[PDB]
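*Asks:* Have a look at this one before I ask anything.
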Number of protein chains: 2
Amino acid sequence: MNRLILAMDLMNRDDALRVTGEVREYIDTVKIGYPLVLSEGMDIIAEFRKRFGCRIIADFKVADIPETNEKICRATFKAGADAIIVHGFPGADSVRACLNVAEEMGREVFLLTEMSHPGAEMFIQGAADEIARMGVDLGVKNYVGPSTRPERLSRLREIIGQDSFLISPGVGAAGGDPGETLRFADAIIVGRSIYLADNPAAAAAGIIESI
Amino acid sequence: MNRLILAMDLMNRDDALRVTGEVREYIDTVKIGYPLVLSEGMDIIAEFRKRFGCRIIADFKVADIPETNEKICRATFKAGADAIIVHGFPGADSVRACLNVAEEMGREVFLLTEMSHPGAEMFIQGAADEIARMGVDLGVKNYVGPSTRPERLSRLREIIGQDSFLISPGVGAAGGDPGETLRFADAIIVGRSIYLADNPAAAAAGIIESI
Ligand SMILES: O=c1cnn([C@@H]2O[C@H](COP(=O)(O)O)[C@@H](O)[C@H]2O)c(=O)[nH]1
Ligand SMILES: O=c1cnn([C@@H]2O[C@H](COP(=O)(O)O)[C@@H](O)[C@H]2O)c(=O)[nH]1
């Protein structure tokens, strides 16, 4: 909805529920990561899904060996997540393990190819095109790419095709622009610009109207 | 969305996709049953979920022995359904088997307590209150009750409490009224009044505005 995904990284349940409820009319998809899950428990995923009737993407940056990745994905989907974000840099076998569980459980894998922060230029950027091509070869249809580098987002879009779904973080606080990012991504992920705002609903409304 | 769930019982993929796309702005939840699945395959569930970004309730009226019920639910959730409708009349063990799989896969079970058609008065109605109480005892939080008998829907709402989620079919073609049904149910299910209409979008819009 509105091509906007809320990155809910507040660490306490009450604040997370308050902000998510305030901006629900503008979204239908919430990205929940370890900051909230490690503080309040995996049960928070089912609670959000039920209370807000939104889709939940678990941003767990899965980056282990195949066998452990299988275990992490199974627990995550058992908890009710609709999709999970997985790193591609640990290799194809590690990604395939995630895809196997998603297939078994009727869920989806998002492949993270290039990250949005400054440090991403050190090692990830140099491998990003190859990671995206690996995703295509494995049948991945959902990807994550950087708002902070639209030229890289364009290159990623080029590799994955127009039929793949691409979401992009780094919007707002990290420097990314909503409109420019949406020239290439299907949806933008926004965390701090909304959840640290004095009026999260007004902040979400502003982003939606700017695009 | 709009407390309206589309019962997509057309049997061919092209017509089903056309009508669902035409009314998508009014809904966010589609009920898919055997008329469409047995004609086009279980893969239609993932296709709808992806193409329309809606939640999918599989109306499979699960009504077998525990072991078979477990198999049916597993295949259904593997196919991507968010929830499954199960009959309560075959007993508690049969329902528990469904709840066990839903727990394993992070999904939901809707318990059907009293049906909406005339024949429901023969045997189901007499057992309906006990079936609803069984659901409460088993921890069921989602229920299906009849639009065609609001006094029975009221009795069912009484047993399950205000915190349980109740959806109700029999609206329109079978005689049920949207507004009266919503006095007790959280959402109404509508099939033919929308999918056989000359203008499904206008029909959906009319129902939404009447409530
Ligand atoms: O390359 C990536 C991948 N993931 N995220 C995540 O997306 C969200 C962005 O939040 P922000 O809007 O507050 O910067 C956070 O949950 C963060 O972990 C990034 O920021 N960059
Ligand atoms: O008690 C019940 C349970 N399920 N349904 C189902 O709900 C839908 C109602 O469709 P309709 O609006 O076309 O009558 C159909 O898929 C039907 O199998 C009923 O009608 N009554």
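Residues are named by chain letter and number: chains run A, B, ... in the order of the structure tokens, numbers start at 1 in each chain, and ligands are numbered from 1 in the order shown.
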If we count only C-alpha atoms, what is near residue 159 of chain B at a cut-off of 9 Å, once residues fewer than 2 positions away on the same chain are taken out, given as a PyMOL selection string?
*Replies:* chain B and resi 129+132-133+136+154-157+161
*Asks:* Can you tell me which residues sit at most 10 Å away from ligand 1, counting only C-alpha atoms and all ligand atoms, written as an NGL selection string?
*Replies:* :A and (5-10 or 31-36 or 58-61 or 85-87 or 112-118 or 120 or 144-148 or 167-176 or 188-196)
*Asks:* Based on DSSP run over this structure's backbone, return all residues of segment 58-209 of chain A in helix (DSSP H, G or I), as a PyMOL selection string.
*Replies:* chain A and resi 66-78+92-105+118-121+124-138+150-160+178-181+192-195+200-209
*Asks:* Considering only C-alpha atoms and all ligand atoms, can you say which of B:160, B:57, B:139, B:65 comes closest to ligand 2?
*Replies:* B:57
*Asks:* Select residues of chain B: the criterion is any atom within 10 Å of an atom of chain A, counting only C-alpha atoms; output as a PDB file with N, CA, C and O atoms, in the first residue's frame.
*Replies:*
```
ATOM      1  N   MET B   1     -10.640  -5.447   4.766  1.00  0.00           N
ATOM      2  CA  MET B   1     -10.955  -4.115   4.184  1.00  0.00           C
ATOM      3  C   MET B   1     -12.443  -4.043   3.884  1.00  0.00           C
ATOM      4  O   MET B   1     -12.999  -4.932   3.228  1.00  0.00           O
ATOM      5  N   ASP B  28      -9.378  -6.953   0.621  1.00  0.00           N
ATOM      6  CA  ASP B  28      -7.982  -7.282   0.841  1.00  0.00           C
ATOM      7  C   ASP B  28      -7.936  -8.739   1.262  1.00  0.00           C
ATOM      8  O   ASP B  28      -6.883  -9.260   1.586  1.00  0.00           O
ATOM      9  N   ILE B  45      -3.704 -20.378  -5.657  1.00  0.00           N
ATOM     10  CA  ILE B  45      -3.684 -19.651  -4.377  1.00  0.00           C
ATOM     11  C   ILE B  45      -2.493 -18.701  -4.334  1.00  0.00           C
ATOM     12  O   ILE B  45      -2.668 -17.515  -4.049  1.00  0.00           O
ATOM     13  N   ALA B  46      -1.303 -19.211  -4.653  1.00  0.00           N
ATOM     14  CA  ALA B  46      -0.099 -18.370  -4.635  1.00  0.00           C
ATOM     15  C   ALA B  46      -0.204 -17.303  -5.722  1.00  0.00           C
ATOM     16  O   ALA B  46       0.227 -16.167  -5.537  1.00  0.00           O
ATOM     17  N   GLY B  53      -1.996  -9.272  -3.768  1.00  0.00           N
ATOM     18  CA  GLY B  53      -1.507  -8.884  -2.448  1.00  0.00           C
ATOM     19  C   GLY B  53      -2.596  -8.970  -1.394  1.00  0.00           C
ATOM     20  O   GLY B  53      -2.638  -8.172  -0.466  1.00  0.00           O
ATOM     21  N   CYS B  54      -3.463  -9.958  -1.528  1.00  0.00           N
ATOM     22  CA  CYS B  54      -4.555 -10.140  -0.589  1.00  0.00           C
ATOM     23  C   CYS B  54      -4.279 -11.337   0.297  1.00  0.00           C
ATOM     24  O   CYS B  54      -3.369 -12.125   0.026  1.00  0.00           O
ATOM     25  N   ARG B  55      -5.047 -11.451   1.376  1.00  0.00           N
ATOM     26  CA  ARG B  55      -4.933 -12.614   2.252  1.00  0.00           C
ATOM     27  C   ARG B  55      -5.854 -13.623   1.563  1.00  0.00           C
ATOM     28  O   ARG B  55      -6.841 -13.218   0.939  1.00  0.00           O
ATOM     29  N   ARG B  74      -1.708 -29.347   5.752  1.00  0.00           N
ATOM     30  CA  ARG B  74      -0.318 -29.146   5.362  1.00  0.00           C
ATOM     31  C   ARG B  74      -0.184 -28.767   3.888  1.00  0.00           C
ATOM     32  O   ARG B  74       0.547 -27.829   3.536  1.00  0.00           O
ATOM     33  N   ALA B  75      -0.919 -29.464   3.024  1.00  0.00           N
ATOM     34  CA  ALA B  75      -0.863 -29.145   1.596  1.00  0.00           C
ATOM     35  C   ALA B  75      -1.413 -27.750   1.305  1.00  0.00           C
ATOM     36  O   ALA B  75      -0.930 -27.011   0.416  1.00  0.00           O
ATOM     37  N   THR B  76      -2.449 -27.382   2.050  1.00  0.00           N
ATOM     38  CA  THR B  76      -3.101 -26.092   1.848  1.00  0.00           C
ATOM     39  C   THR B  76      -2.205 -24.927   2.280  1.00  0.00           C
ATOM     40  O   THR B  76      -2.098 -23.913   1.573  1.00  0.00           O
ATOM     41  N   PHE B  77      -1.560 -25.079   3.434  1.00  0.00           N
ATOM     42  CA  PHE B  77      -0.656 -24.023   3.864  1.00  0.00           C
ATOM     43  C   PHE B  77       0.614 -23.992   3.006  1.00  0.00           C
ATOM     44  O   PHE B  77       1.143 -22.916   2.744  1.00  0.00           O
ATOM     45  N   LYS B  78       1.088 -25.150   2.550  1.00  0.00           N
ATOM     46  CA  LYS B  78       2.248 -25.187   1.657  1.00  0.00           C
ATOM     47  C   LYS B  78       1.929 -24.406   0.383  1.00  0.00           C
ATOM     48  O   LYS B  78       2.801 -23.778  -0.221  1.00  0.00           O
ATOM     49  N   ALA B  79       0.661 -24.472  -0.045  1.00  0.00           N
ATOM     50  CA  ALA B  79       0.218 -23.733  -1.223  1.00  0.00           C
ATOM     51  C   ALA B  79       0.089 -22.227  -0.998  1.00  0.00           C
ATOM     52  O   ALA B  79      -0.194 -21.461  -1.925  1.00  0.00           O
ATOM     53  N   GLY B  80       0.278 -21.789   0.248  1.00  0.00           N
ATOM     54  CA  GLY B  80       0.249 -20.358   0.484  1.00  0.00           C
ATOM     55  C   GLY B  80      -0.983 -19.798   1.136  1.00  0.00           C
ATOM     56  O   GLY B  80      -1.060 -18.600   1.332  1.00  0.00           O
ATOM     57  N   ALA B  81      -1.978 -20.620   1.471  1.00  0.00           N
ATOM     58  CA  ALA B  81      -3.165 -20.059   2.111  1.00  0.00           C
ATOM     59  C   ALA B  81      -2.844 -19.491   3.502  1.00  0.00           C
ATOM     60  O   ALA B  81      -2.052 -20.088   4.258  1.00  0.00           O
ATOM     61  N   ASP B  82      -3.502 -18.397   3.853  1.00  0.00           N
ATOM     62  CA  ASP B  82      -3.320 -17.789   5.171  1.00  0.00           C
ATOM     63  C   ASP B  82      -4.141 -18.477   6.240  1.00  0.00           C
ATOM     64  O   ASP B  82      -3.760 -18.500   7.414  1.00  0.00           O
ATOM     65  N   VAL B 101      -1.466 -28.350  12.836  1.00  0.00           N
ATOM     66  CA  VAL B 101      -0.728 -27.968  11.654  1.00  0.00           C
ATOM     67  C   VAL B 101      -0.643 -26.447  11.497  1.00  0.00           C
ATOM     68  O   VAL B 101       0.390 -25.916  11.089  1.00  0.00           O
ATOM     69  N   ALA B 102      -1.734 -25.743  11.803  1.00  0.00           N
ATOM     70  CA  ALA B 102      -1.719 -24.292  11.703  1.00  0.00           C
ATOM     71  C   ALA B 102      -0.645 -23.720  12.642  1.00  0.00           C
ATOM     72  O   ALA B 102       0.057 -22.780  12.288  1.00  0.00           O
ATOM     73  N   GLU B 103      -0.505 -24.328  13.813  1.00  0.00           N
ATOM     74  CA  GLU B 103       0.497 -23.858  14.779  1.00  0.00           C
ATOM     75  C   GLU B 103       1.895 -24.107  14.219  1.00  0.00           C
ATOM     76  O   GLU B 103       2.778 -23.240  14.296  1.00  0.00           O
ATOM     77  N   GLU B 104       2.105 -25.283  13.652  1.00  0.00           N
ATOM     78  CA  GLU B 104       3.392 -25.628  13.079  1.00  0.00           C
ATOM     79  C   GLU B 104       3.776 -24.693  11.934  1.00  0.00           C
ATOM     80  O   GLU B 104       4.943 -24.346  11.754  1.00  0.00           O
ATOM     81  N   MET B 105       2.784 -24.267  11.150  1.00  0.00           N
ATOM     82  CA  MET B 105       3.055 -23.451   9.975  1.00  0.00           C
ATOM     83  C   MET B 105       2.782 -21.960  10.083  1.00  0.00           C
ATOM     84  O   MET B 105       2.917 -21.222   9.102  1.00  0.00           O
ATOM     85  N   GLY B 106       2.407 -21.511  11.276  1.00  0.00           N
ATOM     86  CA  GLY B 106       2.141 -20.099  11.512  1.00  0.00           C
ATOM     87  C   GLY B 106       0.906 -19.580  10.789  1.00  0.00           C
ATOM     88  O   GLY B 106       0.877 -18.438  10.340  1.00  0.00           O
ATOM     89  N   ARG B 107      -0.118 -20.420  10.701  1.00  0.00           N
ATOM     90  CA  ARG B 107      -1.346 -20.045  10.001  1.00  0.00           C
ATOM     91  C   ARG B 107      -2.557 -20.105  10.911  1.00  0.00           C
ATOM     92  O   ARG B 107      -2.433 -20.371  12.110  1.00  0.00           O
ATOM     93  N   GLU B 108      -3.753 -19.914  10.344  1.00  0.00           N
ATOM     94  CA  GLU B 108      -4.966 -19.916  11.146  1.00  0.00           C
ATOM     95  C   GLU B 108      -6.060 -20.861  10.674  1.00  0.00           C
ATOM     96  O   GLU B 108      -6.192 -21.128   9.481  1.00  0.00           O
TER      97      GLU B 108
END
```
*Asks:* With only C-alpha atoms as the counted atoms, please give the residues lying no more than 8 Å from residue 40 of chain A, apart from itself and same-chain residues fewer than 6 positions off, as a count of residues only.
*Replies:* 3
*Asks:* Where in segment 43-175 of chain A does DSSP assign strand (DSSP E), given as a PyMOL selection string?
*Replies:* chain A and resi 55-62+83-87+108-112+142-144+165-168
*Asks:* Report as a PyMOL selection string all protein, DNA and RNA residues lying within 12 Å of residue 206 of chain A, evaluated on only C-alpha atoms, omitting residues in the same chain fewer than 2 positions from it.
*Replies:* chain A and resi 2+4+23+26+172+178+193-194+197+199-204+208-211
*Asks:* Can you work out which one of B:96, B:150, B:166, B:29 has the shortest atom-to-atom distance to residue 134 of chain B, counting only C-alpha atoms?
*Replies:*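 Residue with the minimum atom-to-atom distance to residue 134 of chain B: B:96.
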*Asks:* Give me, please, the distance in Å between atom CA of residue 140 of chain A and atom CA of residue 24 of chain B, quoted to one decimal.
*Replies:* 26.2 Å
*Asks:* Please, what distance in Å, to one decimal, runs between atom CA of residue 138 of chain A and atom CA of residue 3 of chain A?
*Replies:* 26.0 Å
*Asks:* In Å, rounded to a single decimal, give me how far atom CA of residue 90 of chain A is from atom CA of residue 63 of chain A.
*Replies:* 6.1 Å
*Asks:* Calculated over only C-alpha atoms, which of the candidates A:15, A:135, A:27, A:43 has the smallest distance to residue 207 of chain A?
*Replies:*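 Smallest separation from residue 207 of chain A among the options: A:27.
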*Asks:* Taking into account only C-alpha atoms and all ligand atoms, which residue in the set B:47, B:109, B:30, B:83 is nearest to ligand 2?
*Replies:*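 Nearest candidate to ligand 2 out of B:47, B:109, B:30, B:83: B:30.
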*Asks:* For ligand 2, which of B:73, B:17, B:37, B:205 is the closest residue, counting only C-alpha atoms and all ligand atoms?
*Replies:*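 With only C-alpha atoms and all ligand atoms as the atom set, the closest residue is B:37.
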*Asks:* Can you work out which one of B:70, B:137, B:62, B:99 has the shortest atom-to-atom distance to ligand 2, counting only C-alpha atoms and all ligand atoms?
*Replies:*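 The closest residue to ligand 2 is B:62.
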